[PDB]
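Both blocks below hold the same protein chain, though in two forms, and each is given as structure tokens: structure 1 and structure 2.
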Structure 1
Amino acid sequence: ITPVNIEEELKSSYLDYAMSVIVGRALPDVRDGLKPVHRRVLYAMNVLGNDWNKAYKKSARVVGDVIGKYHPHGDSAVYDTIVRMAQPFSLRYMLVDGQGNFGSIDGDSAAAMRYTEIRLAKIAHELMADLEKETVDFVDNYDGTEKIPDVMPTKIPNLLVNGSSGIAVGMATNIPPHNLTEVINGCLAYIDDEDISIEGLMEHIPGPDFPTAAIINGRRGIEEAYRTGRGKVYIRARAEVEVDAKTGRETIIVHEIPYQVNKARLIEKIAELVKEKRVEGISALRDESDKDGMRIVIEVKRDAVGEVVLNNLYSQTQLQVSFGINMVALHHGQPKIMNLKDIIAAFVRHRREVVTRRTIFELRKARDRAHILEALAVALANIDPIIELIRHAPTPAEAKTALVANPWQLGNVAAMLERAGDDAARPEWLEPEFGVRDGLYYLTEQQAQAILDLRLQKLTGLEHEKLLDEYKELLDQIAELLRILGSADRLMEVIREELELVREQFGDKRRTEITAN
């Protein structure tokens, strides 16, 4: 037993909880716009080899793997997170391809884990591109047994296109979806000029674009949101009044509803309103949506005008909603309020870093392969002494030592060995003792071991020439990689080409319409 003040305990405990929640659950990372749970689920699915053109897997398998290996929390949260990513009416671009009963726009329900199946989507492989080439940092899991990426090497601007929504202790975040083609055009515009103003950026990005294709009634909140990071917009449904003459009948047909609105609750609320005499002029209400489109039919009395009741419905029920844009994201492990230009700059810097690291890795691999091929080509030109030495030796170790002991004359292949750019095709870790010396070649241990593993099939002409062709190709590849690493302008051209390819592959049309008041 030892006394302790209540104030210190309360302060320390609550500060620990708040700091854990702020940077552990709620806010997303600016570079890729994914919470830790999304990243862990995607990595777990990637490791199992659950690609987009293979058979499905049960949700229980993925959930159990994630819980056991990476994510030490309950299963209901993980399963709900998985279910949310597979709904066409929640994300602009779905990241999981599901099969089963994943729910509908009415907010009905979702089947349990043992009655559904999932796999990765085609676009989801773009986020995890070049993951194996040492392009991102890995960190330990909760028990120092596994490794998880610190951030995905994303190629899609996920944060803007898919949006986000989260609640933390003392702050929150809410960002709506956008259109991919517009964002890519904005990024290309920014790359050409870093001093672009917000007005210039808004020419390529008029505004949000929800999955449900509602109507945005206003244009003043979008500018404020993109200029300061906080704003407010209004989303209105799509409806019209059609008259069939005869007895002057009027009927209201509703096609498209706002974002994040349940149809069943809307219908029940309208029924309750007309029942309690709070809205006059409505006769009957019906739903007729089946597999082809959304249609809600409202009949009005013969002694009323459709426009007044329609405006009353807009003002009273949930057909018109308000959406408060509030952008908060993690920059370097701290929350921060951002605007469009900061997000674009962060994405561009992330891409530059990823491309540079990938280039370095590829250069290293190419140099190692060329180093091995040089030894094989040099060995192939001295067949008779090599076979005599191997036959005379009693043991492979003695043959290896005998091969390493003496230098070997280059022969007729000296034309191409000296044609390289001095030390361009030479590994950095190799000592100056070995390599192409003055008129003779010196072998290492690994080169001798590689020579001992050569097959008799390589003595043919075609196999002999293929090695020389591969070496010649590798020289050009190394030269190209060095040129890419040299200047700072080739990197921008590569980034532009990648962005253009992504835009061509995954582009689509706009849905939401924007009009003035």
Structure 2
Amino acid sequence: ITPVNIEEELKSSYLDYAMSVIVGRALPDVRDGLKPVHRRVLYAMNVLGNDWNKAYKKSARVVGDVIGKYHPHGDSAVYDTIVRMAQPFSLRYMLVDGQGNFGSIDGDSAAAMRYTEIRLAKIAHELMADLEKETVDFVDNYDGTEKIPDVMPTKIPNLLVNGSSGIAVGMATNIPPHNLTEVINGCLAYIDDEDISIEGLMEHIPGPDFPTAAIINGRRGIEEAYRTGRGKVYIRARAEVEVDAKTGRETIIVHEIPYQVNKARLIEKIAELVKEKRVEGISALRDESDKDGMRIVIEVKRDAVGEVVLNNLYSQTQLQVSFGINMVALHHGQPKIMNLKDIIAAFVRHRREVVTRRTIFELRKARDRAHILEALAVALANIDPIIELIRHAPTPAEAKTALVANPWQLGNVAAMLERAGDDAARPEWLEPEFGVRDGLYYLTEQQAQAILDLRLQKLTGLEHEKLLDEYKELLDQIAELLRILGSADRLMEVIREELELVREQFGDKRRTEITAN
């Protein structure tokens, strides 16, 4: 029964909980704007082969696999996380394609796990592009049995595009969505010139762009938020006053509502307000919203004025709301407050790193393949001595030793190697002893083993020409890969081409309208 003081236990326990929650649940990552749960869910859905053009799967299967393998937490949290990503009126660009009943704006809730179906969306495959080519680092899961990516090699600026919202211990984060085309234009403008100020950036990015398509009122708050990182904006509903003459009695029609507002609670709140004689001049209220779109009709009293009653609704009801922009994100594993230029610079650096690592991997693979192709061509050039030697071989090992311990005549293939000289395709780890020395090829152990596993089917003419063609194109591929690493300009040109292609594929129009006060 060892004693322990209260203060030390309290301090250690609470600091442990606070650090784990700060760097493990709530705040997102600046480089790709995903919390750990989102990254693990996407990786698990990718591993099972749940592509965007294949049959659906039950949500229960995916949730069970995620909980069992990577994420050691409950089931309701993970399923709600999956559900929120599949709703059109929550994210600007959905990451999950769903079939079933995933709730509605009226205030409903999604069905249980064993009734819905899901798969990856087309855009999600852009986030996990080039994942297999050793572009990002891996870390162990909780019990040291699997591997999980540290950060996805994203190709979309996900943080600004989809925003975020989270509550941590001692701090919180809230970032609204944006439009993809504007963000890509801003990124290209930054790449052109690194000394661009906030004024230059705001020309290509006027402001947020919500999914529900309300109106944004005012412009100073947006500038303050982008300059300092904290600000406030006002979202107003799109409403109109229409009168059909005859009796001269007008009506108020509402087509769109602010972001994150329930329609049913709004309508019942208006009903309660008019019940208690707090709003004058409202005779009838009706909801015609179905299928075609959203329409709310308010029929005012005969002697009232539409403008007077309408302007009271914004001040009293929830048709106008206040959104507080507050940017917090993890830079190098510690929280920090960001503004626009920091986010753009971080994204560009991430892309540069990813492209460099991918190019190195491809160069190594090409060199390794060319090494084997050279040996196969040399062996096929002199087939008759090779088979004659093999026929008198007591065992495979003796044949391999005999093949290794002698030179060979290049013959008519050496001319091809005259194009491949200058040590372009020699692997780095290869020693100077091997390879062509004086017009007589030298074989290694691995080349001899590759020769031993040659099929008779490749002795025909067409299979003979295919190897030469493959070698000829591999030389050009290796030259291009070296050229990309040989300078910095080509890297930025490649990045520009990728961004332009993404913009053309996934771009779309604007929804929210910005107006001054």
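Between two forms, the rigid core is defined as the largest C-alpha subset superposing within 1.5 Å. Please note that residue numbering is based on structure 1, beginning with 1 at the start of its sequence.
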Quiz item: After superposing on the rigid core, which residue among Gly324, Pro396, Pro206, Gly200 shows a C-alpha displacement of 2 Å or more between structure 1 and structure 2?
Solution: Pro396
Quiz item: How much does the C-alpha of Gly421 move between structure 1 and structure 2, in Å, given a rigid core overlay?
Solution: 4.1
Exercise. Report, in Å with one decimal, the C-alpha displacement of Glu134 between structure 1 and structure 2 after core superposition.
Key: 0.2
Quiz prompt | Shift in Å of the C-alpha at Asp303 between structure 1 and structure 2 after core superposition | solution = 1.1
